[PDB]
Amino acid sequence: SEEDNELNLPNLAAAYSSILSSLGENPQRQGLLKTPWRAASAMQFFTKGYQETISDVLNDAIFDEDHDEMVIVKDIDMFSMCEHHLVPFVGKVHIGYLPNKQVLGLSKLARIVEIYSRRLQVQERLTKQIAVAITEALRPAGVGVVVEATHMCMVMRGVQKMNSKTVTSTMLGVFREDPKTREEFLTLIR
Amino acid sequence: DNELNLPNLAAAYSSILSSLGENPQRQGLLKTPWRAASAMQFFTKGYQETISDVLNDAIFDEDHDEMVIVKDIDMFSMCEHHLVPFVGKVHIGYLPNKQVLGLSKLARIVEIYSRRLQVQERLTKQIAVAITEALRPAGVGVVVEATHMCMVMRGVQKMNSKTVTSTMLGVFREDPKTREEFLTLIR
Amino acid sequence: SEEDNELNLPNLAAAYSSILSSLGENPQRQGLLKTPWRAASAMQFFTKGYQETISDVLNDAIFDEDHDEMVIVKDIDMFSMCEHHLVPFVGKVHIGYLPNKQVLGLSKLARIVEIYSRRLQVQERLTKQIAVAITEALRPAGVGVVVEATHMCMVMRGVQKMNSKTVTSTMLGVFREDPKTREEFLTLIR
Amino acid sequence: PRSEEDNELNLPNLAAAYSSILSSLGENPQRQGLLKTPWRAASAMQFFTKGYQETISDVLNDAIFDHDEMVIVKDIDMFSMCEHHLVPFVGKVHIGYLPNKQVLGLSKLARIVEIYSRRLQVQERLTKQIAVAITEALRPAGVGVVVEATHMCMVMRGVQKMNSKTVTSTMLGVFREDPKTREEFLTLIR
Amino acid sequence: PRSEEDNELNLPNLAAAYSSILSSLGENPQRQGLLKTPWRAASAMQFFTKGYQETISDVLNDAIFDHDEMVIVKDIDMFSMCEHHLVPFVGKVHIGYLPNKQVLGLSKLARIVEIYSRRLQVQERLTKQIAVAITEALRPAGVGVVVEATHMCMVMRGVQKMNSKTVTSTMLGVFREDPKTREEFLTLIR
Amino acid sequence: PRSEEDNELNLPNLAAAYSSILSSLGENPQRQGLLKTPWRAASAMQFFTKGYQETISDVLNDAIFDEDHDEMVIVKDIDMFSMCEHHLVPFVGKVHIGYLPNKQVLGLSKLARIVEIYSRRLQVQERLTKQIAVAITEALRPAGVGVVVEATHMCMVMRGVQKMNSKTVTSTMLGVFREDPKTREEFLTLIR
Amino acid sequence: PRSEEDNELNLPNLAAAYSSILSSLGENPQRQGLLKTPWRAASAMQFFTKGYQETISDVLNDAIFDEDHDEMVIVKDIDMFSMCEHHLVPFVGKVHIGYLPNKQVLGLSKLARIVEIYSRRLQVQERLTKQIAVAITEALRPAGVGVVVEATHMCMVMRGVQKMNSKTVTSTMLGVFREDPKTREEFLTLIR
Amino acid sequence: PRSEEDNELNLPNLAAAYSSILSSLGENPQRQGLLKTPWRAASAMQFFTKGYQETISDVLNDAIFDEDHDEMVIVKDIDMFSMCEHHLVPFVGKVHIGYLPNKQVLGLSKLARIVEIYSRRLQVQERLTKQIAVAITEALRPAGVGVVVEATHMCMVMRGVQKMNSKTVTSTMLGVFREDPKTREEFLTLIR
Amino acid sequence: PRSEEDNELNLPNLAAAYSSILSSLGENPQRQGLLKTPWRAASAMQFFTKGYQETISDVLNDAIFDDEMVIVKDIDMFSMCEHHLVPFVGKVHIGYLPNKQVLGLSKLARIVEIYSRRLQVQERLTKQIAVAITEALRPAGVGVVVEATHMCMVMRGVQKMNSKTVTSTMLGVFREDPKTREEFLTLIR
Ligand SMILES: Nc1nc2c(ccn2[C@@H]2O[C@H](COP(=O)(O)OP(=O)(O)OP(=O)(O)O)[C@@H](O)[C@H]2O)c(=O)[nH]1
Ligand SMILES: Nc1nc2c(ccn2[C@@H]2O[C@H](COP(=O)(O)OP(=O)(O)OP(=O)(O)O)[C@@H](O)[C@H]2O)c(=O)[nH]1
Ligand SMILES: Nc1nc2c(ccn2[C@@H]2O[C@H](COP(=O)(O)OP(=O)(O)OP(=O)(O)O)[C@@H](O)[C@H]2O)c(=O)[nH]1
Ligand SMILES: Nc1nc2c(ccn2[C@@H]2O[C@H](COP(=O)(O)OP(=O)(O)OP(=O)(O)O)[C@@H](O)[C@H]2O)c(=O)[nH]1
Ligand SMILES: Nc1nc2c(ccn2[C@@H]2O[C@H](COP(=O)(O)OP(=O)(O)OP(=O)(O)O)[C@@H](O)[C@H]2O)c(=O)[nH]1
Ligand SMILES: Nc1nc2c(ccn2[C@@H]2O[C@H](COP(=O)(O)OP(=O)(O)OP(=O)(O)O)[C@@H](O)[C@H]2O)c(=O)[nH]1
Ligand SMILES: Nc1nc2c(ccn2[C@@H]2O[C@H](COP(=O)(O)OP(=O)(O)OP(=O)(O)O)[C@@H](O)[C@H]2O)c(=O)[nH]1
Ligand SMILES: Nc1nc2c(ccn2[C@@H]2O[C@H](COP(=O)(O)OP(=O)(O)OP(=O)(O)O)[C@@H](O)[C@H]2O)c(=O)[nH]1
Ligand SMILES: Nc1nc2c(ccn2[C@@H]2O[C@H](COP(=O)(O)OP(=O)(O)OP(=O)(O)O)[C@@H](O)[C@H]2O)c(=O)[nH]1
Ligand SMILES: [Zn+2]
Ligand SMILES: [Zn+2]
Ligand SMILES: [Zn+2]
Ligand SMILES: [Zn+2]
Ligand SMILES: [Zn+2]
Ligand SMILES: [Zn+2]
Ligand SMILES: [Zn+2]
Ligand SMILES: [Zn+2]
Ligand SMILES: [Zn+2]
């Protein structure tokens, strides 16, 4: 909740101030005076998806169109946080679905990405949660989700493989059972 | 209808300027109620058209059954939920059944439905249904790719997001080989 | 103000409902029922720059540095509204400046773009307001601002020149007086 | 300079602060995906700030060889940390210099980027420090440094301008005094 | 100037001439595919030369507003007819100008391209006419016009140089006298 | 077939018609830039329709070789320039041809020459596309032929609908290129 | 496995061999630019072959998660630097790995660490490709693994055939990646 | 096979023929720029046809390894320079080779050397494509081989039809590359 | 200069050193996949350093023919870092303004081969190409730009995957006249 955010902000700032001292830095120097608070607020914003529910995000934007054709929202910018290192992983989400007389509002597909990506995560879980949320909200014939991301933990440190990218895929309903629907989806997201 | 409704549209746009905190009397805004009203009538000019007039009897005989595609047709529509543009491209394919449509008419058909208050899904289906009813072909495939400004300039603000809708009728739905040839040739 | 927005929202919705009827549409059909309110909110968001002042936007993010080298923030996505047709014009803003004793917070250069772009505008005025705001806030040796935009009024209607783009340029202080400074700026924004 | 003994001693304090952040965000620090996170996040942050453990003399490692023509090392991948939000800023560094009978080892130019980028920083300071370090180590006729970076604090939050990039430039010696040397440098780094 | 009355009076004469061309080429004007061709070719030709029906004053439509900046409208799609062979030449027009107290409506620069390009022409004349029309309408400090076009007379026939392109340039006022203004224009139209 | 003698005899009639068009458009046929136009436009139009002067037999010129070759042959990116028969305005693009020989192999250049016979006429894309495929089929008797034509029609860009980016793609698949989807897929993959 | 003590003991022997190579090439090991070369070349060669010092278990470091996922996971564009065992000249490129988990998901970075164990050795592209796929299969027991290696061999560009654009692509498909063409096709579509 | 002794003996005859060509074109063989041309043109033509001096066995040089690899091996983007037998004008491009080894794996560079044996001759694209595939098939006895050649023929761009962008693509699929479409699809996807 | 007799006498020494290197790395130089490696590695190293055998006069081969800019750009270059004995590869772009003599186009690339096929440092290699052209033709000026990826900076050490080194040498009018140098740099893009 927003009350939880206000109550936990000083605790987060104290932890960030302690990190600055433990790294050998001077929390009292000009450039670092407001850093405990700004880092705490940024981390709250990066994890704002914990504050959201699918019902509020959908906001009744479910329409009735006699549509039994493929709908895709691709190149949705995604910014998440690795739960192992607390370092960002960023990329794109491509979503496809085959409606079953209930059609979702286009923007709501990107809002669903925001609920789960703005959390401490792993790409596999994030990919599956987006597909399951759309499946449960719309009850469509099928859903396909592809996430492509650069993990900063693999480029700025560790293995330091500058070009590496992780691609995760989740195919539910007809997107799993019918290879032709999955192939049309993968062709159209290029 | 356009001439009669132009002053009502201009009165509504002038009222919007005042309600936003702007000064409708300032030099840059004096003609805005009229220009905005004319622009909105042009963006919704598809309501003035019928398929028959647009086709203009441009249907010719072609005995050999080959796939015909008109791709990269620039499309400019209006979102019916926010009254903000959604723009992109339409790619149309069909397999004739002895009748072939005039090439330009495929783009004119896009103009009838796109120049209206719409939703991408309905727009995509209308183009495919109009071609199906006009030509009675073996099948039709329509792919619409668009940037909705309501998802980039506001709301979710996902700068690169694009919506892709597809409608496959007749052999384009029943035969995956026909649909695959269409999708390969529109790249 | 936000109070002005709440008070004027029903008047904006009434005007948008009237526009739906005047276009030949049915405001009672499912797809249009909430449109007067949604269009009103979208228009208020597109013109939220009238709710801001340079001082609040700057938020005292002016640092003292021994930096007398070129600073550029380029490819700032910009979304504005043509004041003549009430149709969007969108593109990018590239800003460069040579600090004297004060250096502005990087994000404030993009926030300055937001104060002026979220208004009913003309590209030339927008370009000049960004350069003047930076000049008055920082008193630098010079500022350069380049705005490149697609006007939907020239693409979706009127002349209908699909590829046309407007580029405006404002060069102040050393960016006007010293061609070498302006050339370095234009080379670095490519 | 920060030592490896300081790192071992401060690691538990950093881990305690990161565990506290996990709890203050509303997360479950006992869940499988978070069990080792306090330690992994602490190690990642020590690696991101390893530049405090280095000195120019150790980094140079006597790699100065006995030429008065332009030498450039461009597209050096750079990963830094914003000191205001503790969020990465990443991109590229392009360095050019005109030797004065002493040529630096090519790799040492990238190692100099590492000393200063692996710290809590601001782009302007980082750009100046690289140019000054090369100037003091080699005493060349001049040095030019261009840093281009995406600040995640401007993409994942705040203004959320997905394409925004910051470009900073420092020109010293003949790179400032002679526009022809600076022009050759900027042409060759494209 | 040519009028819709002249158009309707000359349409049967144009159609008779196109029918005669069909017979003189060895074709059968009575075959299904050619029956309406004399009329459709005649209408297309009078649309390609619709520029003779226009005047600068009507096209400007008083869209002159009351700046210290370079204004450019680039990538204006241009379609003209070669006067020597009556075959299209197509490409792009890039216009730049420095206003002197009067600023022209953005779309009018593209409308000015339409008056002169929709005629039987030579590229050099078309380029000069656009620059002269802007100069006389606005009285600016200077104007620069660059036209790049593929002549179908050089690709479909004659020399048959598939990739050949003609680039013509006209620089007036400060765009001719000040190389710095011309260089800024050429850099910004890339 | 149209002859060079027919061209000489009809040139003055074409020039008179083009001179008449100049006057009917409001132009001055006597101005310097237009003096030679009736003749130059007439010659250009005869060159654009020179395909009526040619035969498949003359164009092939016996360039049919024998071989134990049963592998795919493609000539792609053949620049094509044609004239729309409805508006007498160019349509331009590329032709991609594939075929599976049946012991007879056509000379590589002849595939582009076949494109020239039919494209240099008053046409429609669909007719042009089948004519190229049918000519190859009848000349070689191969296992199959595939023809893909991609073109920009200037009548859809410079006028009418004015859709700047629009392109027409027509496809003709005969023999094994129609019956075997695997052969057609190899062809479409290799022409990218 | 090779140890850090073995590296310290063998460093002078490697330096003596590199100093001998400098003399045998006609160079002067005493000139300023070559004085430290025997030691730096020796250290670089030990770094290029550091994969002999590693074991899969240490490299994995228990980064196997037991959070179910029955969907395709790919780590593509992993920069790869190896050494040809026949010429002792580098071959460099990228590795693209895909797998279908069977209730065990590997840490993303470990897939790149697996590439490092085998590529930092004297190798042959075919063996390298197979070792990465086998190591993942044995560590995770997944439904299947696919590995694609694309590399420029400097032995084919700087010498020998001297084909400057040549690239070698090797592929290994195990489990469902071999048995189910639909799984393999999804993998190859997603690595583009 | 043509020998280096044959080259020395025939060099004056080639130079006499090239000197005669200079005179027959209206040129002056005595002008400074043409004095050595008969000899340089003769040496260049011998180099362009040096493939007649080679045999598959010498080129392979026993570079056949018995590592039992059951996975796809590709060498793509092999620069190819050949000579059209019909006009004596170059045709240049790229060769992409794929194979599935059975019990024998060929040395990577030998696939490019096989391209050199056949391309450095007076050729026709179809024959060249087939020869490369048949040589690999006979040398290794693999499960299958796929060869794709893409080339620009200067006879179709500098003269004749003068289609500046035209490209010829030839394909040969043997063994499992013909019988299994899934193997052929993996090959064509991996050579993009 | 290095002779073919020196190559025959020194090839054995290089092979014995590579065999010793294989053993010192923990490998088995007796295993099937390494049996021919000492000889192959020795031959590859001789090929990479064949430039010490070449003289400018032999390479030129009298290809000098009897006042506008001439450029040969995108010359593929493969050299060896003298500090680590690892390749550095890229492109060389050469421009010159002839006086009365014009060199044969290929000789500019053959001059790149003389100096690049040696143990080098990019700076020296760039200068040696410009000086060789200057001394052979006595032109009004020469400009040389070398762009290279050093494998010692990507496969090891700093491991900066995208890093590139660009070195430049401008002699005669290419140094003295900035307009000549600008024409050269614009034309090599
Ligand atoms: N499957 C999956 N895995 C994920 C994330 C995010 C992170 N991870 C992975 O957790 C592992 C942690 O291992 P560890 O304890 O050994 O840490 P550490 O020494 O710092 O590792 P390293 O990075 O090698 O230096 C790493 O392998 C990392 O990649 C995700 O989205 N999906
Ligand atoms: N399927 C479909 N849906 C369409 C369009 C055009 C628009 N829409 C969608 O109508 C929904 C309206 O929702 P709402 O009432 O909650 O509004 P609002 O708070 O302003 O939303 P948001 O924009 O998210 O801030 C949105 O989801 C929008 O995307 C289309 O073509 N196809
Ligand atoms: N300098 C400048 N000019 C601007 C804007 C925004 C708009 N404008 C321009 O005002 C002019 C208004 O003219 P008008 O009355 O004739 O309208 P209308 O018939 O609808 O025009 P048209 O579009 O041709 O159909 C147009 O030329 C338009 O382009 C800007 O940012 N900078
Ligand atoms: N010149 C310079 N400036 C730098 C950095 C790194 C960061 N900054 C800038 O410090 C300012 C601090 O502002 P603030 O206190 O108001 O914070 P906050 O509300 O979170 O801001 P915001 O991001 O707008 O939400 C911001 O403007 C930020 O951009 C750098 O390298 N160079
Ligand atoms: N400066 C200028 N020149 C222009 C145009 C348009 C056309 N032209 C040129 O008039 C010349 C007429 O010559 P001509 O009589 O010999 O014609 P013709 O034998 O058919 O020629 P060709 O095409 O070579 O076969 C041609 O050279 C043509 O290119 C333009 O915009 N600017
Ligand atoms: N299938 C096919 N159709 C072709 C060509 C070439 C042209 N055409 C098409 O003939 C139709 C004629 O219609 P019409 O009489 O109404 O003309 P007109 O008012 O001038 O039309 P418009 O252009 O819309 O303004 C148009 O649809 C045009 O596109 C081709 O190759 N294949
Ligand atoms: N399959 C496979 N093969 C590999 C490597 C690495 C190298 N090789 C290949 O071994 C062969 C050695 O033969 P050889 O004795 O004739 O040597 P040499 O005269 O120097 O040859 P060449 O280079 O042509 O001059 C070459 O064909 C080389 O390419 C690999 O990873 N996979
Ligand atoms: N299948 C195949 N065909 C090949 C080559 C190489 C060349 N050719 C083709 O031999 C034909 C010879 O015909 P011809 O006698 O009529 O000559 P000529 O008048 O000069 O022709 P043209 O060029 O049109 O002027 C041409 O069609 C040429 O393309 C190849 O590799 N594969
Ligand atoms: N100016 C110049 N310098 C060149 C080359 C080729 C190489 N070098 C540079 O010699 C230096 C040697 O340093 P060193 O002793 O410390 O070795 P080592 O610890 O292994 O280094 P490192 O690689 O950092 O790990 C490095 O800086 C290397 O880059 C060139 O062409 N021009
Ligand atoms: Zn991580
Ligand atoms: Zn909307
Ligand atoms: Zn407007
Ligand atoms: Zn920050
Ligand atoms: Zn012409
Ligand atoms: Zn037409
Ligand atoms: Zn090798
Ligand atoms: Zn030929
Ligand atoms: Zn090195």
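Just so it is clear, the values below take in all heavy atoms, side chains as well, and ignore hydrogens, waters and symmetry mates. Lettering follows sequence order; numbering is per chain, from 1. Atoms within a ligand are numbered from 1 in the order they appear, just like the ligands themselves.
Note on the Zn ion (ligand 10): protein N/O/S atoms under 2.8 Å are A/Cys82 SG, A/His85 ND1, A/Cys153 SG.
Aromatic rings of A/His84 and A/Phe89 (six-membered ring for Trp) have centroids beyond the 6.0 Å cut-off, not under it.
Of the possible donor and acceptor atoms, none in the side chain of A/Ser41 sits under 3.5 Å from a partner among the backbone N and O of A/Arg38.
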Could you check A/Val87 against D/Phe48 for side-chain contact (heavy atoms from CB on, under 4.5 Å), going step by step and ending with a plain yes or no?
-> CA-CA 11 Å; A/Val87 169; D/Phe48 298 150; 3.6 Å; yes
Going through the checks in order, is the side-chain contact (heavy atoms from CB on, under 4.5 Å) test met by A/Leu12 and A/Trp37?
-> CA-CA 8 Å; A/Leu12 282 169; A/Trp37 300 100; over 6 Å; no
Please tabulate, for the side chains in residues 149-160 of chain D, all donor-acceptor contacts under 3.5 angstrom to protein atoms that are two or more places apart in sequence or on a different chain.
unit_1   : atom_1 : unit_2   : atom_2 : d
D/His151 : NE2    : D/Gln123 : OE1    : 2.7
D/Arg157 : NH1    : D/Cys153 : O      : 3.0

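Note on F/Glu27 versus E/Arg119: no salt bridge recorded, every NZ/NE/NH1/NH2 to OD/OE distance being 4.0 Å or above.
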